[PDB]
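Pasting an experimental structure with its sequence.
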Amino acid sequence: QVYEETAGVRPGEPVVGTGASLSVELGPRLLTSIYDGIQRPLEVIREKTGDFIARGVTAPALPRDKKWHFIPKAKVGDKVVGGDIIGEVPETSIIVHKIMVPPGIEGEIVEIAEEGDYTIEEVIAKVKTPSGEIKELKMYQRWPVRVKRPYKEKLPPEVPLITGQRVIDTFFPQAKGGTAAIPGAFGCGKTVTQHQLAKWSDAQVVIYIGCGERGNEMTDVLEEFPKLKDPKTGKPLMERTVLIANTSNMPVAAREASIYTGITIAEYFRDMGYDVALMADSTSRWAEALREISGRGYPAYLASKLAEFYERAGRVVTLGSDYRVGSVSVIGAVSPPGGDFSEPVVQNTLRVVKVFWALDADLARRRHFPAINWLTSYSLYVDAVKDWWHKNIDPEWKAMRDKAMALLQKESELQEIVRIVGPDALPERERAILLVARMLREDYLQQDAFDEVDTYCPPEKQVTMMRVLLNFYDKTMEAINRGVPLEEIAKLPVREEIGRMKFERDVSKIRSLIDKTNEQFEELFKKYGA
C-alpha cells in the first residue's frame, strides 16, 4: 500500500497505492513513548505465560487530543528557512521541544499563533514562499524514515561525548556524532554498561531501539523503565527517552524498518541543536529478519545499507538561519551466532564502526568491572578528541593516556612471559611495572557503577586520578633507580589512598595525593640514603 519505489505500473494482486512513503510523525509526544519499528504505539497484554509481550497496532503515533503549550519565537514579517525555530513547547520537565520549519520550506511568516494551548493538528503558523504559495505549519512534521534528514554540513569528529566511565573516555573515546559497537553476548555486565551510558552520557536525548533479546525483556521495560530516574535532574529517564521495540512475534518488515525509524527521530532532535544518543541492542531480533528472496540482497553484494545507517550518524551544522550544531552518536550491540566472532566487524564494509568496547566474559568472571578488555578494544577518535581535552581539561591528556596504555601493554607481555618462566627471576624494574600496572587496573580502569560517587567520573577527576597514578609511576622508577627496595614502595601508605581516590568527590583532595606521594618517597630516600 505504501512504498519507497513509486507505484506507476500496477502489479498483480489487489493493492491500492497511496503516493506516499514510509514515514514518521515528529513531536511533541515522541518523548516518554514506546513504539514498534514503524512508529505504531504499544499494546500491553495479559501476563498468562512468561510475564509480558507486545505487538504494534495501527493508531496515531502522536495524540491528537492533548493540549500543548506553544510559545512563539518568531513574528509576522520574519524571513524563514527549513530548520528555523518558530516556537517552543515544554514537552516534559527536562526537554523543551523546539518547533521547526520543515525542510524545504522557506519564505515570510504571514501568520503565527499567539502563546496558548493547542493540539498538534492546529495550524500555528503560515509561511508565504517566494512564489507566493502559503504553507501551513503545525507542531509536528512528517519525514520519510529512509531519507537522511538534511543538514548544512557534517562536522569532523571533534568533541568527545563524555560518558563519565574512565576506561571509555580515556582509552576508547566515543565522539559526539561517532559510531561505537559493544558485544551483545550476555553475562558480562552489558546491561550495567548500556544503562550507565544512557544515563550519564552528555546527550540530552536518548533513542533506544531493542527490547526483545530476552524472553522477559518486554516485562522489564514496561515495569522498570518508568521507575528509572535521570541522575542529572532527579526526574524520570523516560522524559528524555524514546523507546522502539523489536520482538519475535512482530513482523520481519517492522524490525528491518526499526533502525530507520529510530535514527530519523534522532536526526529530528539533532536538528533542534540537541546531542542525541541512538542505542541499538536489537541484534538477534534484527538479524533473524534475514529472509528467503528466491527469485530473479544478491550474491553480487551483501546488504550494505547497514553502512548507510551508520553513515547517518554525525555531528552537524543544522538547517536554520542561526548557526546551530547537534549530533547523533550511535552505540550498537553486535553479536556472533557461534562462539568465535566469525568475521562480523569485517563483514560490514571496511570498518564503519570507529569504536569497539570489547565486553569480555573472562574479565567479568575475574570481577573486573566494567568488563572492557583494554587490549582488544579500540577507538579511532583518540586524535580527533585530544584537542578538546587539551584545551578544556588537561594539556597532557593524550600523553598520559598513551603512557598508561604502554604500561598496560608491557604488563600483558610480562604476564605471558612469566606464565612460562615463573615470577621469581623478575628484576625490580619489571616488578615495579607490574605493581603500577595493577594500580592502573584497580584504581583507574575498574569503576563502580553502583557507588554514589564512582557511578560517574567527571573529566577533571579523570585527569587528576591519572596524574596521581603516573606521578606514582615516575617516583617508583626513580626510587628503584636509586636502589630503594620495591617491597618498600609497594607498602607506601599513600598507595592505599590512591586505591580509594575513585570514591572521593572532592577533586582537590585527590590532587593533593601528588604532593603526599612526593613527600613519602622522601621518607624512603632518607631511610636508604642519597
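Everything's here; your move. Numbering: from 1, shown residues only.

Only C-alpha atoms from now on, for both contacts and neighbour counts.
Fine.

which residues touch the residue nearest to residue 149 when sequence neighbours are not counted?
Sequence neighbours aside, residue 267 is the residue nearest to residue 149 in space, at 6.4 Å (criterion: CA to CA, 6 or more residues apart in numbering). With contacts defined as CA atoms under 8 Å, 6 or more residues apart in numbering, the neighbours of residue 267 are 149, 327-328.

do residue 469 as well
Here residue 469 is in contact with 436, 439-440, 498 (CA under 8 Å, 6+ apart).

most neighbours, which of those?
residue 436 (25 neighbours; other CA atoms under 10 Å).

Share the number of residues neighbouring the nearest residue to that residue once chain neighbours are set aside, please.
Using CA to CA, 6+ apart and skipping the chain neighbours, the partner closest in space to residue 436 is residue 473 (6.2 Å). For residue 473, the count of nearby residues is 21 (other CA under 10 Å).

wait, residue 473 sits on residue 435?
No. Using CA atoms under 8 Å, residue 473 is not in contact with residue 435; the gap is 9.1 Å.

Wait, a helix at the residue nearest to residue 436?
Yes. Residue 473 forms part of a helix when assessed by DSSP: H, G, I helix; E, B strand; the rest coil.

Distance of it relative to residue 444?
As defined by CA to CA, to the nearest Å, residue 473 lies at a distance of 14 Å from residue 444.

Residue 299 and residue 344, how far apart?
Residue 299 sits 18 Å away from residue 344, going by CA to CA.

Could you list which residues are in contact with residue 513?
When contacts are counted by CA under 8 Å, 6+ apart, residue 513 touches 468, 494, 497-498.

make it 10 Å
464-465, 467-469, 471-472, 494-495, 497-498, 501, 519 (CA atoms under 10 Å, 6 or more residues apart in numbering).

just the buried members of those?
Buried subset of the contacts of residue 513 (neighbour count, 16 or more other CA atoms under 10 Å): 464-465, 467-469, 471-472, 494-495, 497-498, 501.

Just the ones of those in helices?
464-465, 467-469, 471-472, 494-495, 497-498 (DSSP state H).

Break down the stretch 301-450 of the chain into its strands, ranges please.
In the stretch 301-450 of the chain, the strands defined using DSSP state E, counting those that start in this stretch lie at 314-317, 325-334, 355-356, 378-379.

which of the residues in the lengthiest helix in the chain are buried?
Across the chain, the longest stretch assigned as helix under DSSP H is helix 397-421. Residues of helix 397-421 classed as buried: 397-398, 400-401, 404-405, 407-408, 411, 414 (neighbour count, 16+ other CA under 10 Å).

How about stretch 227-241?
Quick answer for stretch 227-241 (16+ other CA under 10 Å): 230, 235-241.

next SSE after the strand or helix carrying residue 110?
According to DSSP states H and E, residue 110 maps onto strand 107-112. Next helix or strand after strand 107-112 toward the C-terminus (DSSP H and E): strand 116-118.

Could you list the paired strands of that next one along with their orientation?
strand 68-72 (antiparallel) (DSSP bridges).

The partner strand vs strand 107-112, what angle?
120 degrees (axes from the mean of the first three to the mean of the last three CA atoms, to 10 degrees).

What is whichever helix or strand comes after strand 68-72 packed up against?
The element immediately downstream of strand 68-72 (helix or strand, assigned by DSSP H and E) is strand 79-80. Contacts defined by 3 or more CA pairs under 10 Å, 6 or more residues apart in numbering; DSSP states H and E place strand 79-80 against strand 107-112, strand 125-128.

ok, now with 8 Å
strand 107-112 (3 or more CA pairs under 8 Å, 6 or more residues apart in numbering; DSSP states H and E).

Show me the contact partners of the strand it packs on.
72, 74-81, 124-130.

Most neighbours among those residues, which one?
Sorting the contacts of strand 107-112 by how many neighbours each has (other CA under 10 Å) puts residue 127 first, at 26 neighbours.

State the distance from it to residue 140.
15 Å.

again with residue 459
As judged by CA to CA, residue 459 and residue 140 stand 37 Å apart.
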